[PDB]
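Asker: Supplied in structure tokens, the structure appears directly below.
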Number of protein chains: 6
Amino acid sequence: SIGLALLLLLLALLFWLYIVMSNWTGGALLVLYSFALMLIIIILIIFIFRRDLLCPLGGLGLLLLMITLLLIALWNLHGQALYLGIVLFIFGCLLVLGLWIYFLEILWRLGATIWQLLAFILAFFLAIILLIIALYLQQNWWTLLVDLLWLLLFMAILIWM
Amino acid sequence: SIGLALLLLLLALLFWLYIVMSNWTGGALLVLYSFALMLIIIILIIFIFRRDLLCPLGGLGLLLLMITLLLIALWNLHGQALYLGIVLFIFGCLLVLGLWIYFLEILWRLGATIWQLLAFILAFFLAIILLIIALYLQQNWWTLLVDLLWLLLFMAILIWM
Amino acid sequence: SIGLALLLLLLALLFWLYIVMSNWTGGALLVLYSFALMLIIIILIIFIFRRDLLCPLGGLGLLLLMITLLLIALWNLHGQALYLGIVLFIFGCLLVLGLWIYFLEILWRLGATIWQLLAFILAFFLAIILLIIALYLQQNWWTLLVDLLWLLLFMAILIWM
Amino acid sequence: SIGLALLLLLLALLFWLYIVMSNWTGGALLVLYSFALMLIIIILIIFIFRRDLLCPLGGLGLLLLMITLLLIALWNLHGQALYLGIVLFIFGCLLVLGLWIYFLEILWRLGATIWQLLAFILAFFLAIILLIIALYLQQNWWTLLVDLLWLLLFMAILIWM
Amino acid sequence: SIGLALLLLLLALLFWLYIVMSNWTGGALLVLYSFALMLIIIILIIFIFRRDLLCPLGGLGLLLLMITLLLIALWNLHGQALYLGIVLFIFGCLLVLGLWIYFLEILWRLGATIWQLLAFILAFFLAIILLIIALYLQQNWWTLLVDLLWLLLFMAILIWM
Amino acid sequence: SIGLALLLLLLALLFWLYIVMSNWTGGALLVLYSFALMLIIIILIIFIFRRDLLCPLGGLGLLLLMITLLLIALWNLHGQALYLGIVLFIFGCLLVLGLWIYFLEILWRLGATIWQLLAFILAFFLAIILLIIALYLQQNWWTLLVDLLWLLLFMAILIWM
């Protein structure tokens, strides 16, 4: 159980980091490929530690994974299919905001201070802005930092509890 | 818990079917996107039903997901990076065969007949050959069938037990 | 409840009689629309006369209505979308056959001679063949006969049970 | 029985989502096809949740379905048959308005506030206007949006009761 | 302490992975850098698993590390300093062979079979030949393969004991 | 155990003395190689004189060795790979600073005057600055002084504890 999970995590990290160095000065899709494997890594970490938290955080990670796959698929579309995929991505973005609000409410019910709540909201929105900047800048030295800061953000949680 | 999982499954199925009907006569990368979407769906289905089986089958599904992401990343590479990604994909393939052998041994220890063991081996290898054919044929009517037969294969399991 | 249902039935028969001899020169699309309205009549007939049989028979009527709507969307759709549409239409037809087999099994469990069961099977397949030849015979008089035969078949299957 | 209904609802969802993106820059007929399968979705949701409510609300769903099929038939017609269809569609609209006000009065008898009644009336009329503008605006974007908004409108009902 | 060692091992893996694919069509110096990083991986693994085995095995790892660093220094040199470095590297090779045969004799004293002894000797010499051919074959493919094969060879040790 | 360790130490000192005055004209790469070998000596010194301090001090020595190897791979690497290499080098330097802070905290807990702690901090930063200026001063005589100062600093930190 534990050994298999660590082996899978090693594979995930290896594949991710290789994808990060693959195709220097590559396209914008590389950032999405790296972010998707970061999401897989985070899902594996939530599976390994605090297995009881697989519902909120695992759902959040898998939802972000689906959103990234949708973005990869609709990136190159140049028609009504692009608009329809945009509308599906909007639905996914509203529902991930809803799940984040639900998780935030559970954390507040646990008894966290309002300052921690605001810090978590600012951290998540800063991570989203950071990923947007990573998409705009096809550079790999910044994609590595974005992905590792996302990993740190999703690792600080599940350790707070 | 259950409602959130069904909502996530609905999103996953919606995103998968849209991606399948996106970009008629599209590239070969579409098949990989649809297959990855189904791997997320199958992860969700194993999560919903028989939660105790999330270790072998969930690990198998997440491993196939990483393999597909690696294939998407290395598809366009035309250098030593392509060969290195091929060597990483070979490692992933050997380890997926190892995990399948482990799962097959657990099933045999449960007390299944040798005919069922051979049927499962043939079903999995037929699914792999199907996916190869789906990659070769960029056609969507066949990607639908290949991915749905993969879904049926991974749904028959976790119902046998 | 009875008054509303009878009003809907009268409205359905009026609409269907209007639509059958509506254009006098339209193609198979008019045949499909008339067949869909006939399926709606059938569903109303089960809901009013017998009831409590919505799942076995009304479910089949609504399934055939979905199949007819998908067929309507499938016509004059030259291109690769027609292929995936054919795949989904085949899936729906397989579901129709499966339900029919389930209802046959229920009828056999209730107790019926094999000759009479074969009579129902032959009647259903003959109705399907009539509909198929009606799609190629757009004289707006054979459609009426096919729809009347469908009504009579469903009335008989409702009254014999 | 319930599982059959769920499988039928899944097939209906697949059919609707395919029809929505069958072809791009499609006519209003595609909008009507998508709306008809949404009405089928509504009927299967009502049957799945509470089978006692299919008298007023199932009748309403079948009535809108029947009206949409009339509209589909009318699009092709251009002669005196078009005028007769317009008159008959006006009769159908009067009957649907009668059923809607009957259901509204039943809801008020249940003890609903006047503000809630006005909100429901406004939501229904806004949904109708949205469907009309989606018929005017021949896009797969607005069509899908109006379909899910109709789904949410029918989700506000069948839940409050 | 143990967590610090694990974090150091993770950083070492990141560093090695990166160096392996720093640039494409790189010289033998990149192969030596990757091999040095693998030797550091070996030392971390030995320290993490059992700290009592760092006398023979840790010395062996440090000795191969030191030898690799000599080779890296020697590649640039071409004069009499190259000859002196060749002599000093020959001394290092004699000393590493002496440690290896000392460890082999200790293993035999533990009660290992002659066949296992010959197999271990052959595996070590095959790994050395593979490293030599990877030096000859300046590719990031074979380099990574030889590095993981050396990792597996050192995994056969530290596990049997 | 002592004999092998002393033999390795003699080999290390001979290797390093050879490598410092090896080329007489080589650039900063020779400085980096000598510093790496000088660090290997340090690790051997920790393993032989005091022992039981491998995690605090030997871990720092091996971490600095990884940093030096990454720096060696970083040189003459013009391009975008140098940027991700800088990112990883910054991560390793941050880990070095963190370990140093942890060891400082351990030393303070053991009990030491703030002036002497500041003396160690100033000595370490002065050694880092000496190494930095040595990379830019490739006269092959300043490297010897920097390495001797590093050896003396580690001797003092080992003997004072």
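In the structure tokens, chains take letters A, B, ... by order of appearance, with residues numbered from 1 within each chain and ligands from 1 in the order shown.
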Give as JSON, numbers by chain every residue of chain B that touches chain A within 8 Å, counting only C-alpha atoms.

Answerer: {"B": [1, 5, 8, 11, 12, 15, 18, 19, 22, 23, 30, 33, 37, 40, 55, 59, 62, 63, 66, 69, 70, 73, 77, 81, 85, 88, 92]}

Asker: What lies within 10 Å of residue 157 (chain B) using only C-alpha atoms, ignoring chain neighbours under 3 positions off, as a PDB file with C-alpha atoms, in the first residue's frame?

Answerer:
ATOM      1  CA  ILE B  46     -13.741   3.257  -8.361  1.00  0.00           C
ATOM      2  CA  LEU B  57      -7.440  -0.128  -9.512  1.00  0.00           C
ATOM      3  CA  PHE B 120      -8.927 -10.924 -18.209  1.00  0.00           C
ATOM      4  CA  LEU B 152     -16.764  -1.398 -19.858  1.00  0.00           C
ATOM      5  CA  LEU B 153     -13.567  -3.345 -19.148  1.00  0.00           C
ATOM      6  CA  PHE B 154     -12.809  -1.288 -16.047  1.00  0.00           C
ATOM      7  CA  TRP B 160     -16.641  -9.341 -10.177  1.00  0.00           C
ATOM      8  CA  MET B 161     -15.629  -8.917  -6.526  1.00  0.00           C
TER       9      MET B 161
END

Asker: Write out as number ranges by chain all residues of region 59-145 of chain F that DSSP puts in helix (DSSP H, G or I) for this structure's backbone.

Answerer: F: 59-74, 81-110, 114-135, 142-145

Asker: Which value, in Å to one decimal, gives the distance between CA of residue 52 (chain E) and CA of residue 100 (chain E)?

Answerer: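 For CA of residue 52 (chain E) relative to CA of residue 100 (chain E), the distance reads 17.6 Å.
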
Asker: At a cut-off of 7 Å, using only C-alpha atoms, what residues contact region 134-138 of chain A? Leave out same-chain residues fewer than 6 positions from it and give the result as a ChimeraX atom specification.

Answerer: /A:25-28,31,146

Asker: Produce a file of the selected residues containing N, CA and C atoms, as a compact mmCIF listing (two decimals), in the first residue's frame.

Answerer:
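And here is the file that came out, again_19.txt:
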# COMPACT_ATOMS: atom_id res chain seq x y z
N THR A 25 12.05 26.46 -24.55
CA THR A 25 11.36 27.48 -25.35
C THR A 25 10.21 26.86 -26.14
N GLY A 26 9.48 25.95 -25.51
CA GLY A 26 8.37 25.28 -26.15
C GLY A 26 7.10 26.09 -26.09
N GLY A 27 6.01 25.45 -26.50
CA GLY A 27 4.72 26.11 -26.56
C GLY A 27 4.10 26.30 -25.19
N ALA A 28 2.93 26.93 -25.19
CA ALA A 28 2.20 27.18 -23.96
C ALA A 28 1.52 25.93 -23.40
N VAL A 31 3.16 24.15 -20.14
CA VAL A 31 2.76 24.57 -18.80
C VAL A 31 1.55 23.76 -18.34
N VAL A 146 6.10 28.01 -10.55
CA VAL A 146 4.61 27.99 -10.40
C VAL A 146 4.21 26.62 -9.86

Asker: What is the distance, in Å and to one decimal place, between CA of residue 122 (chain E) and CA of residue 101 (chain E)?

Answerer: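 One can read the CA of residue 122 (chain E) to CA of residue 101 (chain E) distance as 12.9 Å.
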